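Novice: The structure that follows is given in the form of structure tokens.
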2 protein chains.
Amino acid sequence: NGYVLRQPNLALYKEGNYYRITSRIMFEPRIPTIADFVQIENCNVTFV
Amino acid sequence: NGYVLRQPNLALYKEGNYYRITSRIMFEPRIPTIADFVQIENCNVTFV
Ligand SMILES: *[C@@H]1O[C@H](CO)[C@@H](O)[C@H](O)[C@H]1NC(C)=O
Ligand SMILES: *[C@@H]1O[C@H](CO)[C@@H](O)[C@H](O)[C@H]1NC(C)=O
């Protein structure tokens, strides 16, 4: 299983050791959580 | 409690033994999860 985001306007990034997901239009950062993801069986290697 | 979807553009269906929820505008299928539902007390019999 590979996970993706529920809507496009967000984007992950590696801020430091931890990972932070920000908006695409502003630099405001938001905490990661499990509710923000969605499941798809086929894994693409190109992801984290 | 009866559950419904967080936004209208989705739709459940019984693909096989398991249930799959797809987009209303494309046939792309997405995995079921609990985060995609919402609770309402009154149960309508007309649902699954
Ligand atoms: C999936 O990974 C392949 C690896 O070669 C990459 O070329 C492709 O762009 C990726 N597709 C995506 C991320 O949708
Ligand atoms: C609720 O179920 C009743 C069962 O008679 C049905 O007639 C009605 O259309 C349903 N309402 C919904 C699904 O909003």
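Labels used: A, B, ... for chains in the order of the structure tokens, numbers from 1 for residues in each chain, and numbers from 1 for ligands as shown.
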Got a sec to check which residues lie within 7 Å of ligand 2, using only C-alpha atoms and all ligand atoms, and send them as a list in words?
Specialist: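 Taking only C-alpha atoms and all ligand atoms into account, the residues around ligand 2 at most 7 Å away are residues 44, 45, 46 and 47 of chain B.
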Novice: Go ahead and save the residues from that selection, with N, CA and C atoms, as a compact mmCIF listing (two decimals), in the first residue's frame.
Specialist:
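Generated file (again.txt):
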```txt
# COMPACT_ATOMS: atom_id res chain seq x y z
N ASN B 44 -31.53 5.55 8.55
CA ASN B 44 -32.44 5.23 7.46
C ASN B 44 -32.24 3.79 6.99
N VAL B 45 -33.33 3.04 6.91
CA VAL B 45 -33.27 1.64 6.51
C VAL B 45 -32.78 1.49 5.08
N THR B 46 -32.95 2.52 4.25
CA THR B 46 -32.66 2.43 2.83
C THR B 46 -31.18 2.29 2.50
N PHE B 47 -30.29 2.25 3.49
CA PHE B 47 -28.85 2.24 3.25
C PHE B 47 -28.31 0.83 3.41
```
Novice: Env of residue 7 of chain B: 10 Å cut, atoms = only C-alpha atoms, seq-sep filter 4 positions within chain, self excluded. Answer as a list in words.
Specialist: residues 11, 36, 37 and 38 of chain B
Novice: Quick one: write out the picked residues with N, CA, C and O atoms as a compact mmCIF listing (two decimals), in the first residue's frame?
Specialist:
```txt
# COMPACT_ATOMS: atom_id res chain seq x y z
N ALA B 11 -18.98 7.87 -4.05
CA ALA B 11 -20.10 6.94 -4.06
C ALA B 11 -19.58 5.53 -3.79
O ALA B 11 -18.63 5.09 -4.43
N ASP B 36 -13.15 8.51 6.12
CA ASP B 36 -13.97 9.04 5.06
C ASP B 36 -15.46 9.09 5.40
O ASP B 36 -16.26 9.44 4.53
N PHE B 37 -15.85 8.74 6.62
CA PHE B 37 -17.25 8.71 6.98
C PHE B 37 -17.60 9.77 8.01
O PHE B 37 -16.73 10.46 8.55
N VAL B 38 -18.90 9.89 8.27
CA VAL B 38 -19.41 10.84 9.26
C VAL B 38 -20.69 10.26 9.84
O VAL B 38 -21.43 9.52 9.17
```
Novice: Pick out the chain A residues within 7 Å of chain B. Count only C-alpha atoms. Give them as a PDB file with N, CA and C atoms, in the first residue's frame.
Specialist:
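Written out: iface-v3.pdb:
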```
ATOM      1  N   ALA A  35      -5.227  10.881   9.441  1.00  0.00           N
ATOM      2  CA  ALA A  35      -6.490  11.159   8.780  1.00  0.00           C
ATOM      3  C   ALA A  35      -6.300  11.885   7.462  1.00  0.00           C
ATOM      4  N   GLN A  39      -5.360   5.464   0.814  1.00  0.00           N
ATOM      5  CA  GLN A  39      -4.684   4.225   0.449  1.00  0.00           C
ATOM      6  C   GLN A  39      -4.895   3.850  -1.012  1.00  0.00           C
ATOM      7  N   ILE A  40      -3.825   3.374  -1.652  1.00  0.00           N
ATOM      8  CA  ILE A  40      -3.862   2.808  -2.998  1.00  0.00           C
ATOM      9  C   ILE A  40      -2.890   1.636  -3.038  1.00  0.00           C
TER      10      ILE A  40
END
```
Novice: Quick check for you: according to DSSP on this backbone, which residues of chain A are classed as strand (DSSP E or B)? Reply as an mmCIF file with N, CA and C atoms, in the first residue's frame.
Specialist:
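Everything below was put into states03.cif:
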```cif
data_model
loop_
_atom_site.group_PDB
_atom_site.id
_atom_site.type_symbol
_atom_site.label_atom_id
_atom_site.label_comp_id
_atom_site.auth_asym_id
_atom_site.auth_seq_id
_atom_site.Cartn_x
_atom_site.Cartn_y
_atom_site.Cartn_z
ATOM 1 N N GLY A 2 0.503 2.170 -0.906
ATOM 2 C CA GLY A 2 1.065 3.504 -0.959
ATOM 3 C C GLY A 2 -0.013 4.502 -0.577
ATOM 4 N N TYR A 3 0.372 5.495 0.198
ATOM 5 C CA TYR A 3 -0.539 6.534 0.634
ATOM 6 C C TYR A 3 -0.292 7.829 -0.125
ATOM 7 N N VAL A 4 -1.375 8.571 -0.325
ATOM 8 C CA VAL A 4 -1.342 9.878 -0.958
ATOM 9 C C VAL A 4 -2.233 10.810 -0.150
ATOM 10 N N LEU A 5 -2.356 12.045 -0.615
ATOM 11 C CA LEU A 5 -3.053 13.082 0.128
ATOM 12 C C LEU A 5 -4.489 13.201 -0.352
ATOM 13 N N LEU A 10 -2.031 20.274 -0.923
ATOM 14 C CA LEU A 10 -1.052 20.081 0.130
ATOM 15 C C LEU A 10 0.208 19.468 -0.455
ATOM 16 N N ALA A 11 1.276 19.478 0.339
ATOM 17 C CA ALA A 11 2.529 18.908 -0.131
ATOM 18 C C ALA A 11 3.407 18.588 1.064
ATOM 19 N N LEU A 12 3.911 17.362 1.104
ATOM 20 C CA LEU A 12 4.851 16.966 2.136
ATOM 21 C C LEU A 12 6.201 17.628 1.882
ATOM 22 N N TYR A 13 7.040 17.649 2.912
ATOM 23 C CA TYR A 13 8.447 17.971 2.753
ATOM 24 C C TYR A 13 9.170 17.562 4.019
ATOM 25 N N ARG A 20 7.076 17.575 7.586
ATOM 26 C CA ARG A 20 5.993 18.533 7.728
ATOM 27 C C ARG A 20 5.286 18.683 6.395
ATOM 28 N N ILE A 21 3.963 18.786 6.433
ATOM 29 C CA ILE A 21 3.146 18.952 5.237
ATOM 30 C C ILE A 21 2.573 20.365 5.240
ATOM 31 N N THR A 22 2.861 21.120 4.187
ATOM 32 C CA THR A 22 2.416 22.500 4.099
ATOM 33 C C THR A 22 1.401 22.690 2.983
ATOM 34 N N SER A 23 0.742 23.840 3.039
ATOM 35 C CA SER A 23 -0.098 24.296 1.948
ATOM 36 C C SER A 23 0.730 24.604 0.718
ATOM 37 N N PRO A 29 2.711 25.885 8.106
ATOM 38 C CA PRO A 29 2.908 24.441 8.229
ATOM 39 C C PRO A 29 1.865 23.783 9.112
ATOM 40 N N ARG A 30 1.472 22.555 8.797
ATOM 41 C CA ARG A 30 0.510 21.830 9.607
ATOM 42 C C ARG A 30 1.085 20.488 10.029
ATOM 43 N N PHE A 37 -4.379 11.066 4.977
ATOM 44 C CA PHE A 37 -3.885 10.216 3.904
ATOM 45 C C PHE A 37 -4.992 9.346 3.323
ATOM 46 N N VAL A 38 -4.647 8.654 2.238
ATOM 47 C CA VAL A 38 -5.565 7.745 1.564
ATOM 48 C C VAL A 38 -4.746 6.639 0.918
ATOM 49 N N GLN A 39 -5.360 5.464 0.814
ATOM 50 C CA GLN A 39 -4.684 4.225 0.449
ATOM 51 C C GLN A 39 -4.895 3.850 -1.012
ATOM 52 N N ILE A 40 -3.825 3.374 -1.652
ATOM 53 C CA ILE A 40 -3.862 2.808 -2.998
ATOM 54 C C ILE A 40 -2.890 1.636 -3.038
#
```
Novice: In Å, rounded to a single decimal, give me how far atom CA of residue 26 of chain B is from atom CA of residue 8 of chain B.
Specialist: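 These atoms are spaced 13.9 Å apart.
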Novice: Using Å and a single decimal, report how far atom 10 (C, counted along the ligand's line) of ligand 1 sits from atom CA of residue 18 of chain B.
Specialist: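 Interatomic distance, atom CA of residue 18 of chain B to atom 10 (C, counted along the ligand's line) of ligand 1: 27.8 Å.
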